[PDB]
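K.L.:
Quick one: this structure, given as structure tokens, is what I'll be asking you about.
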Amino acid sequence: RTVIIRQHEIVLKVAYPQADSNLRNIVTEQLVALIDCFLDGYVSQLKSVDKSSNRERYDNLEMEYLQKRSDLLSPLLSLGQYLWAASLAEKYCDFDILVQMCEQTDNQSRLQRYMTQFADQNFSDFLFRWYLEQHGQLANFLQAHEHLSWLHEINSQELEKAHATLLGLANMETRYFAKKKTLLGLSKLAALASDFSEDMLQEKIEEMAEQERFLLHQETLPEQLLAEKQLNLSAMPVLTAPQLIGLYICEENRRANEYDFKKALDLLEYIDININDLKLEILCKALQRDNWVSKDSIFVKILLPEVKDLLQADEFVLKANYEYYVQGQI
Amino acid sequence: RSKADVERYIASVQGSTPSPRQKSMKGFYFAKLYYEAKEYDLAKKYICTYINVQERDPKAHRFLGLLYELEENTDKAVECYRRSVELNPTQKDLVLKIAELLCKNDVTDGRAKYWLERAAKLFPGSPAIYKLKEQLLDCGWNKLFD
Amino acid sequence: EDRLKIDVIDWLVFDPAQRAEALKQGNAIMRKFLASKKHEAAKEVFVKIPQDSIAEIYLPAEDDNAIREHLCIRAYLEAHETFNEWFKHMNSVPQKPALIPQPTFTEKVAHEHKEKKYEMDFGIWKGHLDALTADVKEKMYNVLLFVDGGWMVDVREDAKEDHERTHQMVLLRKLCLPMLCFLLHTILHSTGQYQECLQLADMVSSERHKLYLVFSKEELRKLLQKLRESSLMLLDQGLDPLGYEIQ
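Protein chains in written order, with PDB author numbering: chain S1, 775 to 907, 921 to 1059, 1064 to 1083, 1095 to 1105, 1119 to 1129, 1141 to 1156; chain c5, 3 to 141, 146 to 152; chain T1, 667 to 724, 736 to 924.
So, in structure tokens, the structure goes:
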């Protein structure tokens, strides 16, 4: 810790001087501070390999310390010649983040192909190191492998393929409604534009028609309760059947009419807890709003031992309509 | 005419063209007579429905803007004129109106300034143009003098 | 023969008792010209139709449709009148000040000003643009999302057979709806509204309009290579393909 400090002290003083130095000289003191830095990084590598296992916390804290220095020796060599980078990258034979950004600053897509040619899992490293950060679109062509899939799939004219992943990303989608809607639309336009047999196509667009059928529900949410509930227009999440059924029936939804409940009884097959507790919850606010007309209609829209009764009252025209509701069902 | 004359004509064309599209395409010509019978909450909804099917007619849009002008709803009236103007640029008098209304309601936004510049180049140095220039400034004594 | 047809209109317009036949025939004539994209032809006819025709005529299945068709056609025309203005403007951007390397102290100041004036014009040419973009867009959505049954689609279904017209109305949809979409995409892309570009795939695929049926398979892919282009620019901005923040 004094031996080492006196070396990181003359790196920085060998950095201040090449700022004013005849060309050739500034290189020989650079091949030198590369000769010296490659003996420090070799001694921290040999001490690592010396210690292992238990008390690991101390062995993964000394890694971060040598890794913040092969980064401070790399940046330092970012101004310097990269002809030495190849040897600094090999000396601490990984420190790839530095030799990977030297291959990026130049047109050597030949070097980043020569790097991955002789490497152990650099490919899984150069793609995750491109995403964290022209010919960069040829590396974008390979980096578009993963969810960005559909993109390079439209490009490759692999439409059917684009449709499968576009639907897959539509399904996992929960964070943004406006986006779950966009992906299906794209998936659909992908599939339609693709080369399915009229049979397969008819399946993709039917299994699809289903998705659009559930969505349409959250889609038709009245504009009275969405400013009441102070909701973002599009910047809202993909709601589930429950939230929907319960929101279509809120006392906030003021103009709630036959269609609001009919659709709040259509979203019961969209569940996967208590079914017939809600079946009641909703038919009951279907009457609170009546102010004892709508119950009337929703029994007219259904076309029946779904609804309950004695359980319900848990009253003069409830039974009265439940008589010409035993004649209707019959 | 009266209320009966105009609301009885509802059944006249209702019995001649009953489909929703043609029913709504007659809204402008329905609204044409309610504006004459002094019905502005009714005429508004008649024209607004024709606008639901004929959304690219500069005449209908202006007519609603002129009706919102009688209602004194500046924000609504201005927007209606805007649509008729963007559809048909030859409506110079509407460019003045927009500039005239934007400066009377609020000058804080530069949009009122912009529409005044256009109004000037459509009516070079007309008597109204300066009037609007003074209105925009109104929203200090030395300033007016200059 | 163009004149023969555009001239038979003034003959039918002259007699107000034939305004229903003047409009109907005006439509037909404008249906031939639209299929050729003769918009100055279609419009020169469109003005001959008195601005108050619709009001007076007030309904047989043949008159309800011709009134609808006429407005559809106006919605289409207005969607090209405002684009050509917008497009004309996009191609008149203030040019950068010219540089005089090794300037005299005179040329240095003339340039400090020319450089400061240009940094005023480019702001307005985005100003006028935004207002011509907000307007041309609206029109393109009035045609694409035509109210009450889609563009060039009859609402009345009890007229007598007219295969010429009917198939002229299907065609006009397949020539002009793919072409209006691609324009709107070009307008949205040109103004950097990339999130919305991608939302053309909702509008089109929509079951509410079934616009995707008016597309040939080739046109689709083309629209899909147009959207992937907007997407890119959204990645360059740091957002996901569809414009939503990457959390």
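Even for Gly, the Cβ is constructed at its ideal location relative to N, Cα and C.
Does the Cβ of residue 793 (chain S1) have 16 or more other Cβ atoms within 10 Å, making it buried, or fewer, making it exposed?
P.N.:
Sequence index remark: in the first sequence, residue 793 (chain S1) carries index 19 (1-based). Looking at its Cβ environment, which holds fewer than 16 other Cβ atoms inside 10 Å, residue 793 (chain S1) is exposed.
K.L.:
Inspect the beta-carbon positions of residue 866 (chain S1) and residue 844 (chain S1) and report whether they are closer than 8 angstroms.
P.N.:
For the purposes of this step, residue 866 (chain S1) is taken as residue 92 along the first sequence, with counting starting at 1. For the purposes of this step, residue 844 (chain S1) is taken as residue 70 along the first sequence, with counting starting at 1. Yes.
K.L.:
Using CA coordinates, which residue listed in 736 (chain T1), 809 (chain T1), 797 (chain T1) is at the minimum distance from residue 767 (chain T1)?
P.N.:
In the third sequence, residue 767 (chain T1) corresponds to position 90, counting from 1. Of the listed residues, the one whose Cα sits closest to residue 767 (chain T1) is 809 (chain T1).
K.L.:
I'd like to check one pair, residue 825 (chain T1) with residue 55 (chain c5): are the Cβ atoms closer than 8 angstroms?
P.N.:
The count along the second sequence starts at 1 and reaches residue 55 (chain c5) at position 53. The count along the third sequence starts at 1 and reaches residue 825 (chain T1) at position 148. Result yes, Cβ atoms of residue 55 (chain c5) and residue 825 (chain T1) sit closer than 8 angstroms.
K.L.:
Is the separation between the beta-carbon of residue 52 (chain c5) and that of residue 33 (chain c5) shorter than 8 angstroms?
P.N.:
As a working note, residue 52 (chain c5) is residue 50 in the second sequence. As a working note, residue 33 (chain c5) is residue 31 in the second sequence. Yes. Within cutoff.
K.L.:
Which of the three DSSP states is assigned to residue 1101 (chain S1) in this structure?
P.N.:
Within the first sequence, residue 1101 (chain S1) is the residue found at index 299, counting from 1. Three-state result, residue 1101 (chain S1): helix.
K.L.:
Just checking: is the beta-carbon of residue 843 (chain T1) within a distance shorter than 8 angstroms of some beta-carbon in chain c5?
P.N.:
In the third sequence, counting from the first residue as 1, residue 843 (chain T1) sits at position 166. Answer no: the Cβ-Cβ gap between residue 843 (chain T1) and chain c5 never drops below 8 angstroms.
K.L.:
Terminal residues of the continuous alpha helix (DSSP H) containing residue 1051 (chain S1)?
P.N.:
Locating residue 1051 (chain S1) in the first sequence gives position 264, counting from the first residue. Per DSSP, residue 1051 (chain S1) belongs to no alpha helix (DSSP H) and is neither H nor E.
K.L.:
Mind reading off the beta-carbon distance from residue 881 (chain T1) to residue 889 (chain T1)? Whole number of angstroms is fine, and I expect it under 8 angstroms.
P.N.:
Along the third sequence, one-based indexing puts residue 881 (chain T1) at 204. Along the third sequence, one-based indexing puts residue 889 (chain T1) at 212. Right, the Cβ-Cβ distance comes to about 5 angstroms (below 8 angstroms), so this counts as a contact.
K.L.:
Under 8 angstroms between the Cβ atoms of residue 736 (chain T1) and residue 19 (chain c5)?
P.N.:
Reading the third sequence from its first residue, position 59 is the one you call residue 736 (chain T1). Reading the second sequence from its first residue, position 17 is the one you call residue 19 (chain c5). In contact: residue 736 (chain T1) and residue 19 (chain c5) (Cβ atoms closer than 8 angstroms).
K.L.:
Among 741 (chain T1), 698 (chain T1), 674 (chain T1), which residue has its Cα nearest to the Cα of residue 833 (chain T1)?
P.N.:
As a working mapping, residue 833 (chain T1) is identified with position 156 in the third sequence. It is 741 (chain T1) whose Cα lies nearest to the Cα of residue 833 (chain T1).
K.L.:
Is DSSP giving residue 26 (chain c5) helix, strand or coil here?
P.N.:
Walking along the second sequence from the start, residue 26 (chain c5) turns up at place 24. Helix at residue 26 (chain c5).
K.L.:
Please confirm if residue 751 (chain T1) has its CB atom under 8 angstroms from at least one CB of chain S1.
P.N.:
As a position in the third sequence, residue 751 (chain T1) is number 74, starting the count at 1. For residue 751 (chain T1), the answer is no, since every Cβ of chain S1 falls outside 8 angstroms of its Cβ.
K.L.:
With a threshold of 16 other CB atoms inside 10 Å of the CB of residue 628 (chain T1), please say whether the residue is buried or exposed.
P.N.:
The structure shown does not extend to residue 628 (chain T1), since chain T1 spans only 667 to 924, so no value can be given for it.
K.L.:
Please report how far the alpha carbon of residue 802 (chain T1) lies from the alpha carbon of residue 793 (chain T1), in whole angstroms.
P.N.:
By one-based count along the third sequence, residue 802 (chain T1) stands at place 125. By one-based count along the third sequence, residue 793 (chain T1) stands at place 116. Roughly 15 angstroms between the two C-alpha positions.
K.L.:
Assuming residue 778 (chain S1) contacts residue 814 (chain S1) under a Cβ cut-off of 8 angstroms, what Cβ separation, rounded to an integer in Å, is found between them?
P.N.:
Against the first sequence, residue 778 (chain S1) aligns to sequence position 4. Against the first sequence, residue 814 (chain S1) aligns to sequence position 40. 6 angstroms between Cβ atoms; contact.
K.L.:
Can you say whether residue 49 (chain c5) is buried or exposed, counting buried as having 16 or more other CB atoms within 10 angstroms of its CB?
P.N.:
Mapped onto the second sequence, residue 49 (chain c5) falls at position 47. Buried is the call here.
K.L.:
Taking 8 angstroms as the threshold (beta carbon to beta carbon), is residue 905 (chain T1) in contact with chain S1?
P.N.:
Counting from one through the third sequence, the residue named residue 905 (chain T1) turns up at place 228. Closer than 8 angstroms: yes.
K.L.:
Measuring only between beta-carbons, confirm whether residue 897 (chain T1) sits less than 8 angstroms from chain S1.
P.N.:
Numbered from 1 along the third sequence, position 220 holds the residue referred to as residue 897 (chain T1). Yes, residue 897 (chain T1) counts as interfacial toward chain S1.
K.L.:
Is there contact between the stretch 948 to 958 of chain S1 and the stretch 970 to 978 of chain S1, where contact requires at least three CB pairs shorter than 8 angstroms?
P.N.:
Output reads yes: the stretch 970 to 978 of chain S1 touches the stretch 948 to 958 of chain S1.
K.L.:
Taking just the CA atoms, how far does residue 122 (chain c5) sit from residue 131 (chain c5)?
P.N.:
Taking the first residue of the second sequence as 1, we reach residue 131 (chain c5) at position 129. Taking the first residue of the second sequence as 1, we reach residue 122 (chain c5) at position 120. When rounded, the distance between both Cα atoms is 6 angstroms.
K.L.:
Just to check my reading of the structure: residue 754 (chain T1) and residue 788 (chain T1) have Cβ atoms closer than 8 angstroms, yes? What is that Cβ distance to the nearest angstrom?
P.N.:
Counting from one through the third sequence, the residue named residue 754 (chain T1) turns up at place 77. Counting from one through the third sequence, the residue named residue 788 (chain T1) turns up at place 111. Contact doesn't hold; Cβ gap of about 46 angstroms is too wide.
K.L.:
For residue 796 (chain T1) and residue 105 (chain c5), what's the separation of their Cα atoms in angstroms?
P.N.:
Here the question's residue 796 (chain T1) lines up with position 119 in the third sequence. Here the question's residue 105 (chain c5) lines up with position 103 in the second sequence. When rounded, the distance between both Cα atoms is 27 angstroms.
K.L.:
Report the neighbours of residue 977 (chain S1) on chain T1: residues whose CB is nearer than 7 angstroms to its CB, in chain order.
P.N.:
Stepping through the first sequence from its first residue, residue 977 (chain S1) is reached at position 190. Here the neighbours are 901.
K.L.:
Taking residue 969 (chain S1) as the query, report the chain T1 residues whose CB atoms sit under 8 angstroms from its CB, ordered along the chain.
P.N.:
Counting from 1 along the first sequence, the entry for residue 969 (chain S1) is found at position 182. By Cβ distance, chain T1 contributes 875, 876, 878, 879, 919.
K.L.:
From the beta carbon of residue 826 (chain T1), is the nearest beta carbon of chain c5 less than 8 angstroms away?
P.N.:
Numbered from 1 along the third sequence, position 149 holds the residue referred to as residue 826 (chain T1). With 8 angstroms as the cut-off, residue 826 (chain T1) counts as an interface residue toward chain c5.
K.L.:
How about residue 23 (chain c5): is its C-beta nearer than 8 angstroms to some C-beta of chain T1?
P.N.:
As a position in the second sequence, residue 23 (chain c5) is number 21, starting the count at 1. So yes, residue 23 (chain c5) belongs to the interface.
K.L.:
Compare the C-alpha of residue 1080 (chain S1) against each of 1041 (chain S1), 1099 (chain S1), 929 (chain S1) and name the closest.
P.N.:
As a working note, residue 1080 (chain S1) is residue 289 in the first sequence. When each option's Cα is compared against that of residue 1080 (chain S1), the closest is 1041 (chain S1).
K.L.:
Using 8 angstroms as the limit for Cβ to Cβ distance, is residue 894 (chain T1) near chain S1?
P.N.:
Within the third sequence, residue 894 (chain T1) is the residue found at index 217, counting from 1. By this cut-off, residue 894 (chain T1) is an interface position.
K.L.:
Within a Cβ cutoff of 8 angstroms, which residues of the same chain sit near residue 89 (chain c5), ignoring the five residues on either side of it in sequence?
P.N.:
Locating residue 89 (chain c5) in the second sequence gives position 87, where the first residue counts as 1. Cβ neighbours of residue 89 (chain c5) beyond the five flanking positions: 58, 59, 60, 63.
K.L.:
So if I threshold CB-CB distances at 7 angstroms, which residues from the stretch 82 to 96 of chain c5 count as touching chain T1?
P.N.:
Under the 7 angstroms Cβ criterion, the stretch 82 to 96 of chain c5 contributes 88, 89.
K.L.:
Please list, in chain order, the chain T1 residues whose beta carbon lies closer than 7 angstroms to that of residue 56 (chain c5).
P.N.:
To locate residue 56 (chain c5), count along the second sequence from 1; it is residue 54. Simply 748.
K.L.:
Suppose the cutoff is 8 angstroms on Cβ atoms and the five residues either side in sequence are ignored; what does the same chain contact list for residue 805 (chain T1) look like?
P.N.:
Within the third sequence, the letter at position 128 stands for residue 805 (chain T1). Answer for residue 805 (chain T1): 766, listed in chain order.
K.L.:
Note down, in chain order, all residues in the stretch 21 to 46 of chain c5 with a beta-carbon under 9 angstroms from any beta-carbon belonging to chain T1.
P.N.:
Those would be 21, 22, 23, 24, 25, 26, 27, 28, 30, 31, 32, 34, in chain order.
K.L.:
Strictly under 8 angstroms for the Cβ-Cβ distance: is residue 61 (chain c5) near chain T1 by that measure?
P.N.:
The count along the second sequence starts at 1 and reaches residue 61 (chain c5) at position 59. For residue 61 (chain c5), the answer is yes, since a Cβ of chain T1 falls inside 8 angstroms of its Cβ.
K.L.:
List the residues of chain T1 whose Cβ lies closer than 7 angstroms to the Cβ of residue 941 (chain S1), in chain order.
P.N.:
Sequence index remark: in the first sequence, residue 941 (chain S1) carries index 154 (1-based). Per Cβ cutoff of 7 angstroms: 901, 902, 905.
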